[PDB]
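J.: Here it is, the structure in full.
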Amino acid sequence: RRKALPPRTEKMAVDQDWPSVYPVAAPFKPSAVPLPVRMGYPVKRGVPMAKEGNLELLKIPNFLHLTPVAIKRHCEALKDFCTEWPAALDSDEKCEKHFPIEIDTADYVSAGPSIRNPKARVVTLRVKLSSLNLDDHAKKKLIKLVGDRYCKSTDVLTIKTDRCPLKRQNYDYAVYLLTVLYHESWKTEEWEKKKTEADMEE
Amino acid sequence: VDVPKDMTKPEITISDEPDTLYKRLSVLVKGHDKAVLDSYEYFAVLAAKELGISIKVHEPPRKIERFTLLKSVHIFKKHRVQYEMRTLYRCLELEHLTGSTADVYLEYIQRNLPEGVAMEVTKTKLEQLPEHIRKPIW
Amino acid sequence: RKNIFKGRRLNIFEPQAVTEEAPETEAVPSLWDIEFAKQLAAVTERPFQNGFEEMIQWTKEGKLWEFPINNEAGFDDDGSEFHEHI
Amino acid sequence: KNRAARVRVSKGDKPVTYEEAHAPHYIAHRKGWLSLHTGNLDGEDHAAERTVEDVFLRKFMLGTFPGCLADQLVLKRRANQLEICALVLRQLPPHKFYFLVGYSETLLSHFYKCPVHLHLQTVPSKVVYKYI
Amino acid sequence: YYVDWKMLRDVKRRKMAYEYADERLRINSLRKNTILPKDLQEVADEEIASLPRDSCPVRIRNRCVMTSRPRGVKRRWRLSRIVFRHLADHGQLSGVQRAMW
Amino acid sequence: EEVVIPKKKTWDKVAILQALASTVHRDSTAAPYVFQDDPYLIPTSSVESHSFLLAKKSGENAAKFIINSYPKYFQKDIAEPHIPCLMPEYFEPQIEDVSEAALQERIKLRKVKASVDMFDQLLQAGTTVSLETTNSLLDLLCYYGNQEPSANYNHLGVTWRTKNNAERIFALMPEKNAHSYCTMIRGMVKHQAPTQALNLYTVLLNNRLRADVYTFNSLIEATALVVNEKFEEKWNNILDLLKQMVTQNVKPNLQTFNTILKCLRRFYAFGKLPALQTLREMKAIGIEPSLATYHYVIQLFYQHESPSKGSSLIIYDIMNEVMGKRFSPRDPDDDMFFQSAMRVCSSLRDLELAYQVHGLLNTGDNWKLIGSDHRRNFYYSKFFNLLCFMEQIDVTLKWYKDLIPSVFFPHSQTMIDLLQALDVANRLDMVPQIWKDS
Ligand SMILES: [Mg+2]
Ligand SMILES: [Mg+2]
Ligand SMILES: [Mg+2]
């Protein structure tokens with residue numbers, strides 16, 4: 001009947017480039033790996049099983065396709081698709097000076113036929129109040145208006161939005177809250193003069 | 001000796017839209033086996049160094065989930081068999097990463113993700129004030 | 001010593017400077033043009049020669065995800081801004 | 001006496017493979033998990049759908065390749081693609097193996113709406129770890 | 001065929017609940033609010049009780065998807081306690097191991 | 001400001017993999033990726049490759065038959081985002097009512113018997129039918145000859161029949177436009193019935209309706225095949241059609257010139273000079289010749305002649321012109337150029353010429369135009385034999401390892417040529433290894 005051909009390990013060159021053999025992630029093929037590798041708990045007086053017909057070497061997620069020789073070759077080709085970070089934004093303090101708004105977003109990757117994660121719609125917008133144009137009266141009203149979202153020690157304002165289904169709608173809604181909270185802190189309405197001496201922050 | 005001459009054909013159209021600047025990018029990989037995550041960190045660090053990212057790697061504390069089930073299929077409630085699911089963590093922080101460099105690094109990282117792990121990315125995009133706030137409107 | 005592309009030609013057809021300005025692509029597709037597309041593509045396509053080549057064909061076909069992953073891909077929610085929800 | 005997924009001692013004439021020779025309490029100590037996926041992590045959803053799909057493949061692969069299957073399957077789930085690794089005996093002609101590989105890849109891909117990879121390793125007989 | 005007649009009844013019950021899920025929610029909103037007049041709430045109670053019996057969320061029963069055991073079912077895997085051990089002891093579930101500490 | 005925001009880079013979602021695909025080349029010892037890497041399933045000969053691969057292809061058809069046979073077992077969807085390429089398809093008409101809208105469904109689903117039966121009922125019902133739909137129905141019937149296409153499961157002589165539905169419906173047409181005549185002429189020429197096509201063209205001229213590009217493509221082939229006159233009479237008719245084409249202001253496509261060169265292969269001597277005239281016309285018009293265009297040129301000039309002085313001039317000019325070019329598919333016969341180019345190199349025994357042919361094949365994605373499996377085996381058969389004696393055995397062995405068995409399985413005669421190279425090179429120590437590889 002049909003016979004078994006000798007494995008290609010014998011015909012493998014000594015100095016051949018490994019990444020050409022495994023371009024993508026593939027399971028451990030005993031014939032395609034020149035390395036004699038043994039794993040499995042040995043018998044009372046014996047040696048661990050060979051690399052042919054062994055399931056223990058098949059369960060493991062191999063890293064033969066990410067060899068350090070291949071990593072340098074892979075990454076260097078990707079260097080075209082990049083742009084440098086501006087040198088003037090070296091210190092983190094300067095980043096706040098030139099960009100006072102930071103926005104946190106999350107993306108989730110999981111194994112399955114679906115990518116829809118309801119936890120990926122959250123948007124966290126944090127603004128340092130010292131970089132805005134609030135007056136003495138306007139800043140005091142904004143703190144009294146936003147409530148617990150403002151930290152008195154770090155002077156940071158955190159706005160978290162979850163109602164919009166998409167991250168782009170939440171991002172547009174989050175920035176909408178920031179601008180309407182600022183245009184409202186400057187409207188000294190008539191009833192504001194009815195301040196009580198127990199409501200004063202100082 | 002015989003090789004396909006010039007088998008490379010990608011295009012990178014440089015448009016006029018300003019690129020998106022990310023203050024800091026956080027990657028949190030979670031898995032069941034430490035050895036896979038230990039090797040995956042080395043792959044991520046080696047690729048990050050070559051691109052010039054200056055990343056920092058730290059290990060968040062692990063958490064263990066336990067639950068108890070009955071042993072036999074009838075009576076015998078004084079004998080239990082327990083089980084345990086272990087999720088080990090590993091976080092890779094990225095700082096001062098541009099939007100264009102972010103896209104390639106993440107997709108290269110995601111495609112080589114092992115089957116037994118998953119990850120979450122927290123991107124801290126930075127930008128200037130809104131037009132209404134910047135432009136003086138009372 | 002004479003190049004085959006240099007010499008007498010047929011002067012019946014004038015040299016056309018430009019092609020059709022407005023192609024009629026938004027009309028009834030002729031059956032033979034569709035058959036021409038099948039014949040031209042079938043000869044060009046070959047069985048997958050490498051793992052990477054199988055990924056790019058799948059990615060165009062939609063079998064595989066578009067990395068980097070965004071969990072809202074393919075779901076634009078009828079293209080409605082946040083106002084129709086608030 | 002515990003009896004979960006164990007093969008009892010009967011003289012020294014019954015072959016046992018590596019998977020069957022270890023008690024269930026040796027899991028994550030001497031032998032790994034036959035399937036790996038994200039569903040059973042800490043803060044991940046969609047764990048029941050993966051389990052039922054896993055059981056179906058244990059029953060489909062066992063029936064598609066009658067007698068020629070060596071031991072349990074290994075299922076790896078990366079991105080949205082499903083990889084199935086099997087050990088198959090030298091029973092059917094190679095023409096039938098490629099027929100079943102082509103049949104399995106197309107049927108499962110159109111059933112679970114996800115790409116399927118089917119990798120086979122052929123062995124002359126069942127691998128024996130103890131006894132015999 | 002589902003594994004048992006009881007399992008078949010649950011599928012019909014879940015299907016009926018889904019059809020009348022939104023209609024029940026709208027009517028149940030009137031009952032659970034005290035600002036509407038009491039006369040309208042009494043009429044709402046008549047209508048909500050006139051809906052088919054099977055279209056009730058409380059009547060939904062969580063069983064095992066394999067053996068349909070009415071109790072002893074983990075909600076995460078939707079499996080009976082016996083079947084869960086059968087799959088976990090063979091190593092067929094990822095990340096599940098015998099607890100030792 | 002002291003900060004300048006750099007401009008973003010935009011790329012397609014598949015270009016990132018092609019960047020990585022460039023780094024990895026083909027593997028010498030690896031079997032083709034289509035087949036399993038297991039030794040028991042690795043093909044051992046070129047005979048096995050056709051048997052193994054077609055077995056897998058039958059598997060896909062076998063599974064798709066089950067999917068289409070029982071659609072209700074695959075309607076469940078858990079794919080997010082949706083994948084329309086995995087849902088089951090439908091071939092039976094989704095609308096069982098008698099209406100024009102339902103009639104179009106049967107036309108687009110490659111159904112002929114259902115369409116013709118329904119069209120007759122529509123005509124008997126008295127409802128009007130659009131001319132374009134009538135033309136579309138004719139195109140489906142004309143192409144298959146009022147027959148069904150090739151499905152999974154349910155040469156000599158004129159396939160066209162006088163008693164055919166295509167002529168019957170055409171006469172019944174109340175209004176006949178240019179396209180209706182154009183599609184009828186093409187079908188007649190395709191089915192080896194050019195006598196009726198030429199007669200219809202005369203009627204087309206009387207109607208003062210201009211013919212499209214494809215009509216003149218079929219007419220040129222039709223005129224030569226109808227009669228068996230001499231070349232001079234045929235050439236006058238060929239030039240006559242071209243003059244008529246200019247009158248209607250019709251620009252020929254690439255395929256118009258390719259079929260002329262293919263038909264001129266019969267006149268292996270008298271057609272040499274006229275062939276060059278057509279090639280120069282293609283450059284003047286602007287249509288860049290494809291691989292198929294050069295394929296017919298070299299074969300026409302290549303005959304069983306000892307001097308081959310003309311053929312050598314033909315190939316040398318072409319290769320310099322084609323040097324450093326990446327070719328896109330533009331002709332159904334583009335795959336036959338590489339095999340035919342190697343045939344010329346076999347007789348000329350020019351290793352340097354073959355390397356230019358082989359170097360062109362390895363540039364970019366031009367390797368996909370090699371042809372079928374037997375064409376690939378034949379292309380490497382002639383090329384490898386040239387590598388034996390025309391080059392030193394040290395480099396011949398390197399090509400032997402790379403080309404075999406990764407690309408093709410050697411023939412028995414090819415092994416003989418390798419043995420001759422070893423004997424001439426005064427090296428018999430490799431003979432035991434050759435037998436092992438044999
Ligand atoms: Mg029963
Ligand atoms: Mg009450
Ligand atoms: Mg209850």
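In the structure tokens, each chain is lettered A, B, ... as it comes, each chain's residues begin at 1, and ligands are numbered from 1 in order of appearance.
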Write out as a PyMOL selection string each polymer residue (protein, DNA or RNA) that has an atom no more than 12 Å from ligand 2, with only C-alpha atoms and all ligand atoms counted.

T.: chain E and resi 28+31-34+41-42+45

J.: Would you list which chain E residues are within 10 Å of chain D using only C-alpha atoms, as a ChimeraX atom specification?

T.: /E:65-66,75-79,85-100

J.: What gap, in Å, lies between CA of residue 131 in chain B and CA of residue 154 in chain A?

T.: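 So the two atoms, CA of residue 131 in chain B and CA of residue 154 in chain A, lie 25.3 Å apart.
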
J.: At a cut-off of 10 Å, list the chain B residues touching chain F, using only C-alpha atoms, as a list in words.

T.: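 Applying the cut-off to the listed atoms yields residues 1, 2, 3, 4, 5, 6, 7, 8, 9, 10, 11, 12, 13, 14, 15, 16, 17, 18, 19, 20, 21, 98, 99, 100, 101, 104, 107, 108 and 111 of chain B.
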
J.: Apply DSSP to the backbone of this structure and, from range 7-70 of chain C, keep only the residues in helix (DSSP H, G or I); write these as an MDAnalysis selection string.

T.: chainID C and resid 31:44 51:61

J.: Would you put the residues from that selection into a file with C-alpha atoms, as a CSV table (one decimal), in the first residue's frame?

T.:
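So again18.csv came out as:
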chain,number,residue,atom,x,y,z
C,31,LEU,CA,-23.6,39.8,-20.7
C,32,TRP,CA,-20.3,39.4,-22.7
C,33,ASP,CA,-18.5,42.0,-20.6
C,34,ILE,CA,-19.4,40.1,-17.4
C,35,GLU,CA,-18.2,36.9,-19.1
C,36,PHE,CA,-15.0,38.7,-20.0
C,37,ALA,CA,-14.5,39.6,-16.4
C,38,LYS,CA,-15.0,35.9,-15.4
C,39,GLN,CA,-12.4,34.7,-18.0
C,40,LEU,CA,-9.9,37.4,-17.2
C,41,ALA,CA,-10.1,36.8,-13.4
C,42,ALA,CA,-10.2,33.0,-13.5
C,43,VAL,CA,-6.9,32.8,-15.4
C,44,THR,CA,-5.3,35.4,-13.2
C,51,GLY,CA,-0.2,31.8,4.3
C,52,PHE,CA,-0.1,35.5,3.8
C,53,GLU,CA,-1.7,35.3,0.4
C,54,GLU,CA,-4.6,33.4,1.9
C,55,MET,CA,-5.2,36.1,4.5
C,56,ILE,CA,-5.4,39.0,2.0
C,57,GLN,CA,-7.9,37.1,-0.2
C,58,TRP,CA,-10.0,36.4,2.9
C,59,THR,CA,-9.7,40.0,4.1
C,60,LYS,CA,-11.0,41.4,0.8
C,61,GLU,CA,-13.8,38.7,0.8

J.: Taking only C-alpha atoms and all ligand atoms into account, report as a ChimeraX atom specification which residues have an atom no farther than 9 Å from an atom of ligand 1.

T.: /E:3-5,67

J.: Set the cut-off to 10 Å and count only C-alpha atoms: what are the residues of chain F that reach chain D? Output as a VMD selection string.

T.: chain F and resid 35 to 43 48 51 to 64 66 to 67 73 to 80 82 to 88

J.: Let me see if you get this right: every residue at most 9 Å from ligand 3, counting only C-alpha atoms and all ligand atoms, written as a list in words.

T.: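 Those residues are residues 57, 58, 59, 60, 61 and 62 of chain E.
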
J.: At a cut-off of 7 Å, which residues of chain B touch chain D? Count only C-alpha atoms and give the answer as a VMD selection string.

T.: chain B and resid 87 114 to 118

J.: Using only C-alpha atoms, I'd like every residue of chain F that has an atom within 8 Å of chain C; please write them out as JSON, numbers by chain.

T.: {"F": [13, 14, 17, 18, 20, 21, 26, 32, 33, 34, 80, 81, 82, 83, 85, 136, 139, 140, 242, 243, 246, 276, 277, 278, 279, 280, 281, 283, 284, 285, 286, 313, 314, 317, 329, 330, 331, 332, 335, 368, 369, 371]}

J.: List every residue of chain A that has an atom at most 6 Å from any atom of chain B, giving for each one its closest atom pair and the distance in Å to one decimal, counting only C-alpha atoms, sorted by chain and then by ascending residue number, as a tab-separated table.

T.:
residue	atom	partner	partner_atom	distance
A:82	CA	B:101	CA	4.7
A:85	CA	B:98	CA	5.9
A:99	CA	B:128	CA	4.9
A:101	CA	B:127	CA	5.5
A:102	CA	B:126	CA	4.1
A:103	CA	B:125	CA	5.0
A:104	CA	B:124	CA	4.5
A:105	CA	B:123	CA	5.5
A:106	CA	B:122	CA	4.8
A:107	CA	B:121	CA	5.6
A:108	CA	B:120	CA	5.1
A:110	CA	B:118	CA	5.7

J.: Filtering to N, CA and C atoms, could you give me those residues as a PDB file, in the first residue's frame?

T.:
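The result, written out as result_10.pdb:
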ATOM      1  N   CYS A  82       4.731  54.748   9.096  1.00  0.00           N
ATOM      2  CA  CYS A  82       4.885  55.411  10.385  1.00  0.00           C
ATOM      3  C   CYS A  82       5.204  56.880  10.159  1.00  0.00           C
ATOM      4  N   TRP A  85       6.867  61.216  16.110  1.00  0.00           N
ATOM      5  CA  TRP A  85       6.259  62.048  17.140  1.00  0.00           C
ATOM      6  C   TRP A  85       6.986  63.387  17.196  1.00  0.00           C
ATOM      7  N   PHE A  99      -1.733  70.784  24.560  1.00  0.00           N
ATOM      8  CA  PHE A  99      -2.936  69.973  24.384  1.00  0.00           C
ATOM      9  C   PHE A  99      -3.563  69.736  25.753  1.00  0.00           C
ATOM     10  N   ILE A 101      -6.690  68.653  26.509  1.00  0.00           N
ATOM     11  CA  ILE A 101      -7.782  67.689  26.539  1.00  0.00           C
ATOM     12  C   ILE A 101      -7.240  66.324  26.139  1.00  0.00           C
ATOM     13  N   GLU A 102      -7.459  65.327  26.994  1.00  0.00           N
ATOM     14  CA  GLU A 102      -7.130  63.942  26.692  1.00  0.00           C
ATOM     15  C   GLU A 102      -8.395  63.099  26.767  1.00  0.00           C
ATOM     16  N   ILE A 103      -8.539  62.173  25.821  1.00  0.00           N
ATOM     17  CA  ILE A 103      -9.743  61.364  25.681  1.00  0.00           C
ATOM     18  C   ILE A 103      -9.354  59.894  25.730  1.00  0.00           C
ATOM     19  N   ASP A 104     -10.041  59.128  26.571  1.00  0.00           N
ATOM     20  CA  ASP A 104      -9.767  57.709  26.745  1.00  0.00           C
ATOM     21  C   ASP A 104     -10.825  56.890  26.019  1.00  0.00           C
ATOM     22  N   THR A 105     -10.377  55.969  25.170  1.00  0.00           N
ATOM     23  CA  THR A 105     -11.255  55.051  24.464  1.00  0.00           C
ATOM     24  C   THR A 105     -10.670  53.648  24.533  1.00  0.00           C
ATOM     25  N   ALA A 106     -11.540  52.650  24.410  1.00  0.00           N
ATOM     26  CA  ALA A 106     -11.140  51.259  24.555  1.00  0.00           C
ATOM     27  C   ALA A 106     -11.649  50.434  23.384  1.00  0.00           C
ATOM     28  N   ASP A 107     -10.803  49.524  22.906  1.00  0.00           N
ATOM     29  CA  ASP A 107     -11.170  48.540  21.899  1.00  0.00           C
ATOM     30  C   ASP A 107     -10.817  47.158  22.424  1.00  0.00           C
ATOM     31  N   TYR A 108     -11.694  46.191  22.178  1.00  0.00           N
ATOM     32  CA  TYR A 108     -11.547  44.851  22.726  1.00  0.00           C
ATOM     33  C   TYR A 108     -11.461  43.828  21.603  1.00  0.00           C
ATOM     34  N   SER A 110     -11.372  39.598  21.024  1.00  0.00           N
ATOM     35  CA  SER A 110     -11.630  38.305  21.636  1.00  0.00           C
ATOM     36  C   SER A 110     -11.855  37.269  20.547  1.00  0.00           C
TER      37      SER A 110
END
